[PDB]
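Here the structure comes first, spelled out in structure tokens, and everything after it is commentary.
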Amino acid sequence: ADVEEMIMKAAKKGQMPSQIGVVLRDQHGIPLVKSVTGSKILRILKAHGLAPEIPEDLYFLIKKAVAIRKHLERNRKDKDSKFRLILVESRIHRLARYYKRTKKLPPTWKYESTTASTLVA
Amino acid sequence: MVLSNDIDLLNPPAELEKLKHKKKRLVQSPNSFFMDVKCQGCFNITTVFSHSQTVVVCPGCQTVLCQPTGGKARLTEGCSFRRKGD
Amino acid sequence: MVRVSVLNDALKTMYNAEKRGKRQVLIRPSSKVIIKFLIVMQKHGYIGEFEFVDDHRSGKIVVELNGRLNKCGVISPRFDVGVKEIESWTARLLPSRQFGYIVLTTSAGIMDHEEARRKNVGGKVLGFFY
RNA sequence: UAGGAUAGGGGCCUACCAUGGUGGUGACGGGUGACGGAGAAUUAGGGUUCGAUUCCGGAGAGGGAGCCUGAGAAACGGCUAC
RNA sequence: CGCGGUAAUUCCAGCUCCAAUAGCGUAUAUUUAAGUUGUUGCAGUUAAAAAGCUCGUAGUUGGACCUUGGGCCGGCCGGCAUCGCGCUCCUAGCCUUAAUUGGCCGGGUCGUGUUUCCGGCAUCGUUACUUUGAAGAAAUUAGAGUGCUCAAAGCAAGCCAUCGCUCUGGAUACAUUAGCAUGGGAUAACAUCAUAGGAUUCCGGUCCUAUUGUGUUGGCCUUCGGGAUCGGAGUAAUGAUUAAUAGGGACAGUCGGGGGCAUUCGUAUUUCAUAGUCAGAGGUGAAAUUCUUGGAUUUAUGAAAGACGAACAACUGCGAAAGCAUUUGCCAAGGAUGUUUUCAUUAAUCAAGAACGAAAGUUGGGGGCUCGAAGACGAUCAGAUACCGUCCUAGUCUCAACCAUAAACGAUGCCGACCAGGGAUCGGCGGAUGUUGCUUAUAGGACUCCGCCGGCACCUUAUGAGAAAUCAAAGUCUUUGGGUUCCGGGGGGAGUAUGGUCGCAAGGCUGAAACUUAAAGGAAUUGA
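Chains as they are written, first to last, in our numbering: chain A, 1318 to 1438; chain B, 305 to 390; chain C, 119 to 248.
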């Protein structure tokens, strides 16, 4: 039911490359747009959008994983006593490799880059 | 009675669609909605997502609109709203 | 996993309950079991609800029982896919003793035990209808 | 890569050349009345166990190496040596 | 397993009987029984048996859209019509204009050579599975046929005019991994059009190839067909399927006794100084060692020291687990929840391998208040080395290091779906012109609610499992086969010996066998 309603009564063209193709090259923040703006326009983002070409997005999960990791590592230079925190670090880095296993098969450059990328941004 | 499933399966009560998760539903939809929220300061009324997330302000008037909360938005002070969207 | 076994298991426990169905999510090898039930008249009707827009596919069953005797006395799985245990048209292990049938995915498609046997084509058992 | 050899390709060996090959899908190593097979026993079946045996293919013929003759034997009821 | 301690159906003889019978005992190996090897076809709450925990690989396993579905006739099968691609040629299905040619003829009538015309389908991205067929030793084995006289078996044999020969055989199956070839196109993968290097009727120029034509042979190509190459212009739903009661990530307000660091507080206990004052105190069931003008015990006030967070604190929380309660700040973190945000199968679970891992012991510092193995003391005690009393070292505490084990427990793998009623409470969310609130008013929040995701669990029945006790999982395994992994496979020996491995050490981890022996063990029930 749901999907047909969105497609018909939204907009699709014009309103969406203007609102959303700016904010994403400003810096990411796809979820920000849906939680503001003029509703009907973003109604059909899920029901008609692959994603325009962009820097980030495919890179966001990988980038985020490194970004959180470095701060945990910083707090593992101060006190060894954080026995809880070391196993969050252990868990999250082993999840981090999963992200760049799946998002390495569809596109080039990723295969070489993402192994090195761990811990250096 | 003996019911697993209903006597009229096709139309269940809304409370029994509040049972099952959004994904699980017989007819799935957003239970979430769009609404137009009404502000004296602006001539027009602005369409808003039910779960605000960001502290949405009205476009022309710097009145505010609602403040966010864990579920559907917690509206602040005297404001009014109708539930509609196209 | 593959659903299949879950449907069969759910069916027999639901018969003991005396419910008029249980309704659940369905897949494509579990589309097959329902159509075979219709042919051998464990079902005189089946309906595949919401297979159009939704995240999944599903089907509420309308099922024989709530009558006198249960039609499906037992159905119980006999291995899903991803395994090698195999029968031929001559190999035939069976349950029941000809009152039931042995569910078989054959070369052409899913058909009952006698149809496959006559054509002289083997396959892999999906479950045991008693 | 090349050559000599032999019926012939062949690391087959040998020169020069490169630095490889192969492994958890268990390689490499050890053990085994461990010959292999067709087959046998016994199991409803599925299997398990066995295969010295008038057959089939190979190995050896006291232990080892080496060789003559000849279509063909690295023979052993041939030789030659220890 | 048991019998024989003097009327032994268990011995030793006799009798009689049983029972296989030209055969029967006995031993060892082996198959069955034994589902004790669990593919078929296992068990792990408590009997033998889930690894402390998580990450996580090799390895296994893994969702859906997916030229598929439907309709007609003919007799499930054959052949058709939609949404059953295509070309060279081969092979090739019938007929029309019947024409060169032949016979007719007010007919272009008909057939053949020949133009048009179609069945029937070789090659044009990989497989696994399955099909049919070949290739497939005899014997053996199953087995056709047959009086080897029967028969085991063997491949012979049966009929005659039995003195003038007649004929049938010597089948077939088995031939097991794999390999070949053919058919199928379901199910599973490799795989696959988005930076398009895609298809193509358009056409060029460049450039190769040489048979026809050319008598023949030799040097050099025009036209041309087909390749190769580089560009220009055209056509089309032109070129990415959803968004798993699969997974991640973004974002929002939260939640928690999660972590760390800084920080702050409380009294207690101990000690000290100052204070006061006069007999007990430690201790217990009863005493004593031990301490008491070296006026204790007690009392108060400060300070120091070190520890800890009562009652509150719960069939309640969080964290991977081990574990975690004063305040406050900062720093990053994690789950649940919400989400028409995003990616699109990334997933599930695991030998190996990696991280963390109570206590004790320890390596060195800080630190030693409290308590407190050993020891030393008093009773009790034949012994008492203990419980019990008293002294008290290591240690307890903290920090950087070791370590790797626990009844590290839910004695219950992880993950997924399903099968059953009900009320609490923890968390979030939604709906109430409810209450309290009074927040200007409200929204919130605490309270009452109903609905609800995900919880810790209880309750009562348990359809059902189980040996029972019990259990909404120990169900959905005899209805025997959901995915994955680990472990057990009689008791002891023995979790040791030995070797390898590791540890600072203790010792751990890995882990037998000789030999013994018929029960070890569980739950319930009845006695004492």
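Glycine is no exception: its CB is placed at the ideal position from the N, C-alpha and C atoms.
Through-space distance from residue j to residue i, alpha-carbon basis
i	j	result
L1422(A)	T1432(A)	13 angstroms
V143(C)	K1330(A)	36 angstroms
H1345(A)	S1434(A)	20 angstroms
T351(B)	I1358(A)	11 angstroms
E1322(A)	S333(B)	10 angstroms
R210(C)	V158(C)	20 angstroms
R387(B)	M339(B)	4 angstroms
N348(B)	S1356(A)	15 angstroms
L1378(A)	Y1416(A)	7 angstroms
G1338(A)	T1354(A)	13 angstroms
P213(C)	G374(B)	56 angstroms
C346(B)	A318(B)	35 angstroms
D1319(A)	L1436(A)	43 angstroms
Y219(C)	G227(C)	16 angstroms
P1348(A)	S149(C)	38 angstroms
Beta bridge counterpart(s) of residue i as assigned by DSSP
i	result
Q371(B)	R378(B)
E182(C)	Answer by DSSP bridge pairing: none, since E182(C) is not bridged.
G241(C)	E205(C)
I220(C)	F246(C)
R175(C)	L144(C)
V1320(A)	Partner(s): none; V1320(A) has no beta bridge.
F338(B)	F353(B)
For residue i, the three-state DSSP class (helix, strand or coil)
i	result
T1419(A)	helix
residue 303(B)	Look at the range of chain B in this structure, 305 to 390, and you will see that residue 303(B) is not part of it.
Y1428(A)	helix
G1338(A)	helix
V361(B)	strand
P195(C)	strand
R121(C)	coil
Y133(C)	helix
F347(B)	coil
Integer-rounded CB distance, given that residue j should sit under 8 angstroms from residue i
i	j	result
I179(C)	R141(C)	7 angstroms
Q357(B)	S1430(A)	Not really, about 33 angstroms apart at Cβ, beyond 8 angstroms.
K1326(A)	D390(B)	5 angstroms
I1361(A)	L1341(A)	Not a contact, Cβ separation roughly 16 angstroms.
Near the ligand SAM: residue i beta-carbon under 7 angstroms from a heavy atom
i	result
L369(B)	In the structure on display, the ligand SAM does not appear, and there are no ligands present to speak of.
Under 8 angstroms, with one C-beta from each stretch per pair, do the stretch 357-371 of chain B and the stretch 380-387 of chain B reach the 3-pair mark? Yes, the stretch 357-371 of chain B touches the stretch 380-387 of chain B.
Tell me whether the stretch 167-181 of chain C and the stretch 201-213 of chain C touch, counting them as touching only if at least three CB pairs, one residue from each stretch, are closer than 8 angstroms. Taking 8 angstroms as the limit for Cβ pairs, the verdict is that the stretch 201-213 of chain C does not touch the stretch 167-181 of chain C.
When you compare the stretch 179-195 of chain C with the stretch 130-146 of chain C, are there three or more beta-carbon pairs, one atom per stretch, that lie closer than 8 angstroms? Yes, the stretch 179-195 of chain C touches the stretch 130-146 of chain C.
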